[PDB]
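The next block holds one structure in the form of structure tokens; read it before the comments.
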Amino acid sequence: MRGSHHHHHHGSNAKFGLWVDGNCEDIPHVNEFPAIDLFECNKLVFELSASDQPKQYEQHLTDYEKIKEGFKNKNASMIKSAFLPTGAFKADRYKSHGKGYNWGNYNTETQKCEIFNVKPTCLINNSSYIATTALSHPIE
């Protein structure tokens, strides 16, 4: 036999809608990826180059100097109980986006991955892996 767990709720591949009215009344469109079959959301270059540089992304040399202020907040100490505020100060997580070949989010529901871009101000995302081997890829 070859089947999985069935369901009848709302989501992306299952349905196409959103939660009750709020601040973002619309519906984004990210590319899903069955990482369970291959590995993760790392391979994706069929139609993403078009959105590789939407705005001025050539003068980002001043974005690396903020690498030392990545912990300017305090989540590093509230880890054991850090209420992930991925909405109010979501723009504070300015990691090394310049060296993040990965631009997708991960949803823990059944077994699927999402990859496309970052949301402006909505509530249909959860995990987000941007860090990637910018050059060296040792075991560490």
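By convention in this document, the chains of the structure tokens carry letters A, B, ... by their order, each chain's residues are numbered from 1, and ligands are numbered from 1 in the order they are shown.
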Q: Using backbone DSSP assignments, extract all alpha helix (DSSP H) residues from chain A; output them as a ChimeraX atom specification.
A: /A:75-78
Q: Tell me, as a ChimeraX atom specification, which residues lie within 8 Å of stretch 12-23 of chain A, counting only C-alpha atoms; anything in the same chain fewer than 2 positions away does not count.
A: /A:8-10,25-27,121-122,124
Q | Separation of atom CA of residue A:40 from atom CA of residue A:114 in Å | A |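 Distance reported for this atom pair: 9.6 Å.
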Q: Name the residues in contact with residue A:32 at a cut-off of 12 Å, using only C-alpha atoms, excluding same-chain residues fewer than 5 positions from it; report them as number ranges by chain.
A: A: 11-14, 40-44, 104-107, 111-117
Q: Go ahead and compute the interatomic distance for atom CA of residue A:47 and atom CA of residue A:31, in Å to one decimal.
A: 9.8 Å
**Q.** stretch 89-96 of chain A surroundings by only C-alpha atoms, 7 Å radius, close-in-sequence under 3 positions cut, as number ranges by chain
**A.** A: 64, 67, 70, 85-86, 99-100
